[PDB]
8 protein chains.
Amino acid sequence: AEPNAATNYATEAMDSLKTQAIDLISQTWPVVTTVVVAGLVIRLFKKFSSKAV
Amino acid sequence: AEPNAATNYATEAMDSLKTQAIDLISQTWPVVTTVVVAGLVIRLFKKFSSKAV
Amino acid sequence: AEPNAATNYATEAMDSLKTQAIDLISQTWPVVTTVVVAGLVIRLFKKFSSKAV
Amino acid sequence: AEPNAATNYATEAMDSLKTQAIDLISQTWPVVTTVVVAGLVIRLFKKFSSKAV
Amino acid sequence: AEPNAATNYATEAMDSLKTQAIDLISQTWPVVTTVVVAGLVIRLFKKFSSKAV
Amino acid sequence: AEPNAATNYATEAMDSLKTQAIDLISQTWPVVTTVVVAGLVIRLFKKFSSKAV
Amino acid sequence: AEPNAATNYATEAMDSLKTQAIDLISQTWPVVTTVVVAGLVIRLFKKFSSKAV
Amino acid sequence: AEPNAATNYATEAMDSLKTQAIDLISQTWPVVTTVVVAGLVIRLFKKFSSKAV
């Protein structure tokens, strides 16, 4: 009753904070994917210079 | 009798606060599991760039 | 009646404190967004030096 | 009224702290730009020695 | 009549104590704003050292 | 009158505490500036060793 | 008696937290073992390219 | 006599609280020892990948 109804409202804002934290981390994934675009494209250019040496 | 019946009602709300605190901490575990989803997925992308270097 | 009308006035100042606390935290979000502007711009400069090494 | 006028004065010092934090980070950008001047100039000297080898 | 006129004089000093307590808390807001000037300026200096590391 | 003159004397010591708290935080800024002198000078020495490697 | 029986119940939850922390770290070991599977398999591929050069 | 006999009973529960606090901290030591088992075993795996690079 007393802590049961209090944990019903608390669980509602906790699951909206779980879904919106998964959205914020979904903006993190494409940013580190673009950092790996600089790593793979620049390091393939280093393969151009080393292979011609 | 007097503190015995008073501690019967007090123990009832204390065990409902124990069960509902275990539920609130059960919303905490999947939120830190999603923080470890950003740590393991982003750090495996850092393994992509470092291994190509 | 007595605690009912007292909780009507108390709830009025509690919901104005909820809306104005959401406004104060809305000034917090763009300040930590500018801290992430220093993290992403400075760390992309560190990607310039490390990629040329 | 009560939390509304309090959040008007609080928002005024919060937006002066946002503008002055953007100025402090604007001193950070040219310092990491000079660190990339040591990385690109020194690493172009390493390209001089490696290309003559 | 008797408690009605007594509560008229009591309410007069209660509303002057409400307005002057809002003035005293208005001296509190700029003092905690200057504490946040030390937090944001000093912590932006910590961003200078950590970004150069 | 009664809380009005009381808040006149209270505001006088509150604004002297605001000015003298700004002076104490002005001793804090040059101390964290010297901590950033150790961070930038020591980390430029780390740029000497890493660039020679 | 008083702190002795209190430390009996406290030690019971402390040894269940020791065994379950050893289980959580046992999920950590195979995850870093798979990170060493990427290090040894990818770095043996780098031995293929360097040995043919 | 009066505070002397009162401090005899108080010292008895204080030394049982000293011995049982040393027991609770003795459950703390093996838990941080297992945290150092994850640090030394996982960081020796990082020595496997870095040494093969």
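Residues numbered from 1 in each chain as written, not as in the entry; some residues may be left out. Chains lettered and ligands numbered in written order. Part of a larger assembly, values for the part shown. Heavy atoms only, no water.

1. Some details on the overall build of chain A
Which entries qualify depends on this criterion: Secondary structure elements follow DSSP: runs of H or I no shorter than four residues count as helices, runs of E no shorter than two count as strands, and numbering proceeds from the N terminus. Two things to know: the radius of gyration comes from C-alpha atoms, and the globule rule equals 2.2 Å times the number of residues to the power 0.38. Methods summary: accessible areas were calculated by the Shrake-Rupley approach with a probe of 1.4 Å, and residue burial reflects only the protein chains presented. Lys and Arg are tallied as positive, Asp and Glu as negative. Neither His nor the chain termini are counted. Taken as the charge centre is NZ of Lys, CZ of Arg, CG of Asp or CD of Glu, depending on the residue.
For chain A, the count of helices and strands is one helix and zero strands. Over its C-alpha trace chain A gives a radius of gyration of 23 Å, far above what one expects of a compact globule, namely 10 Å for 53 residues. C-alpha extents for chain A along the principal axes are approximately 75 × 10 × 5 Å. Carbon and sulfur atoms make up 68% of the accessible area of chain A, which totals about 3900 Å². Positive and negative side-chain charges of chain A, numbering 5 and 4 respectively, have mean locations separated by a distance of 43 Å.

2. Digging into the UniProt feature "transmembrane region" in chain A
Defined as follows: UniProt positions are given in the numbering used here, feature names are shortened, and annotations may be inferred rather than shown by experiment.
In the numbering used here, UniProt assigns the feature "transmembrane region" to residues 26-45 of chain A. From the first C-alpha to the last, residues 26-45 of chain A spans 29 Å; its make-up is 100% helix and 0% strand.

3. Here we look at the interface of chain B and chain A
Filter applied, for reference: It only takes one pair of heavy atoms within 4.5 Å for two residues to be counted as in contact. Buried area: the accessible surface (1.4 Å probe) lost by two parts on joining, summed over both. Put simply, a salt bridge is a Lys or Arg side-chain nitrogen that is within 4 Å of an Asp or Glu carboxyl oxygen. N or O atoms closer than or at 3.5 Å make up a polar contact, with two conditions inside protein: a donor-capable atom paired with an acceptor-capable one, and, for residues adjacent in sequence, both atoms drawn from side chains. Only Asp, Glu, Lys and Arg are considered charged in this grouping, and only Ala, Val, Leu, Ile, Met, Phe, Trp, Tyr, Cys and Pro are considered nonpolar; every other residue, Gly among them, is considered polar.
Across the boundary between the two partners, chain B contributes 19 residues, which contact 20 residues of chain A. Summed over both sides, the interface of chain B with chain A buries roughly 1800 Å², with 76% coming from carbon and sulfur. The largest share of the area that chain B buries against chain A comes from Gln 20, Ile 42 and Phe 45 of chain B, three residues that together contribute 27% of it. Viewed at the interface, chain A and chain B are joined by zero salt bridges. The tally of links between chain B and chain A comes to two residue pairs in polar contact. In the side of chain B that touches chain A, the residues fall into 12 nonpolar, five polar and two charged.

4. A short note on empty space enclosed by the protein
Test applied: Cavities and pockets were defined on a 1 Å grid built over protein atoms only: a cavity is a set of grid points that admits a 1.4 Å probe from which the probe cannot escape, a pocket is an open set flanked by protein on both sides within 12 Å along at least five of seven lines, and lining residues are those with an atom within 4 Å of any such point. Grid points are joined across faces, edges and corners, and a volume is the space filled by probe spheres set on the points.
What the rule picks out here adds up to one cavity of 30 Å³ or more. By volume, the largest cavity amounts to about 30 Å³. Lining the largest cavity are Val 31, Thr 34 and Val 35 of chain C, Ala 21 and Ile 25 of chain D together with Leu 40 and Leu 44 of chain E. Going through the elements one at a time, α1 (2-52) of chain C, α1 (2-52) of chain D together with α1 (2-52) of chain E are the ones with two or more residues in the lining of the largest cavity. For the lining of the largest cavity, the leading source of residues is α1 of chain C, giving three residues.

5. Section: the side chain of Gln 27 of chain C
So the rule is basically this: Throughout, exposure labels follow a simple rule: accessible area from a 1.4 Å probe, protein chains only, divided by the maximum for the residue type, with under 20% read as buried, over 50% as exposed, and the rest as partly exposed.
With respect to the helices, strands and loops of the structure, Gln 27 of chain C is situated in helix α1. Classification of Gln 27 of chain C by relative accessible area gives buried; the value is 16%. With sequence-adjacent residues up to four places away left out, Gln 27 of chain C is seen in contact with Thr 11, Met 14 and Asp 15 of chain D.

6. As for a nonpolar patch on the surface
Filter applied, for reference: Patch criteria: residues need more than 30% relative accessible area and no salt bridge. Like-charged residues are merged within 9 Å; nonpolar side chains of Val, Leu, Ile, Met, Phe, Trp and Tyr are merged within 5 Å.
On the surface, a nonpolar cluster with roughly 310 Å² of combined accessible area is contributed by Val 31 of chain A together with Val 32, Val 36 and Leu 40 of chain C. When residues in the nonpolar patch are grouped by element, the largest group, three residues, is from α1 of chain C.

7. A few points about the packing of helix α1 (residues 2-52) of chain B against helix α1 (residues 2-52) of chain G
Packed helices, taken two at a time, are described by the angle their axes make and the gap between the axes. So the rule is basically this: Only C-alpha atoms enter the line fits that serve as axes; for helices the fit covers just the stretch in contact. Angles between N-to-C directions range over 0 to 180 degrees. Relative orientations are named as follows: roughly parallel for angles under 35 degrees, roughly antiparallel for angles over 145 degrees, roughly perpendicular for angles from 65 to 115 degrees, and oblique for any other angle. Definitions for this section: a left-handed crossing has its near helix turned counterclockwise from the far helix by less than a right angle. A right-handed crossing has that turn clockwise.
The geometry of α1 of chain B relative to α1 of chain G is characterised by a closest axis approach of 11 Å and an angle of 20 degrees between their N-to-C directions. The orientation of α1 of chain B with respect to α1 of chain G, classified from their angle, is roughly parallel. The chirality of how α1 of chain B crosses α1 of chain G is right-handed. Residues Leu 40, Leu 44, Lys 47, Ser 50, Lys 51 and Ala 52 of chain B of α1 of chain B form the contact with α1 of chain G, whose participating residues are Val 31, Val 35, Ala 38, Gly 39, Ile 42, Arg 43 and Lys 46 of chain G. Of the residues in the contact of α1 of chain B with α1 of chain G, the class split is seven nonpolar, two polar and four charged.

8. Regarding the environment of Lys 51 of chain B
All names here are of chain B. Assignment of secondary structure puts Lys 51 in helix α1. Overall, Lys 51 belongs to the buried group, its relative accessible area being 12%. A C-alpha to C-alpha distance of 72 Å links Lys 51 and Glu 2, two positions 49 residues apart in sequence.

9. Re the side chain of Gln 20 of chain B
Checked against the element boundaries, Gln 20 of chain B lands in helix α1. Since its relative accessible area comes to 10%, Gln 20 of chain B is described here as buried.

10. Quick look at helix α1 (residues 2-52) of chain F
Let me state the cut-off plainly: Every helix has an expected span of 1.5 Å times one less than the residues it contains.
If you check α1 of chain F, its first and last C-alpha atoms are 75 Å apart, about what 51 residues at 1.5 Å a residue would give, namely 75 Å. By the burial criterion, the buried members of α1 of chain F are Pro 3, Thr 7, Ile 25, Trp 29, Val 32, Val 36, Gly 39 and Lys 51 of chain F. Along its buried surface, α1 of chain F packs onto α1 of chain C, α1 of chain D together with α1 of chain E.

11. As for α1 of chain G
Within the sequence span of α1 of chain G, burial applies to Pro 3, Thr 7, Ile 25, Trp 29, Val 32, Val 35, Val 36, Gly 39 and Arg 43 of chain G. Next to the buried residues of α1 of chain G lie α1 of chain B together with α1 (2-52) of chain H.

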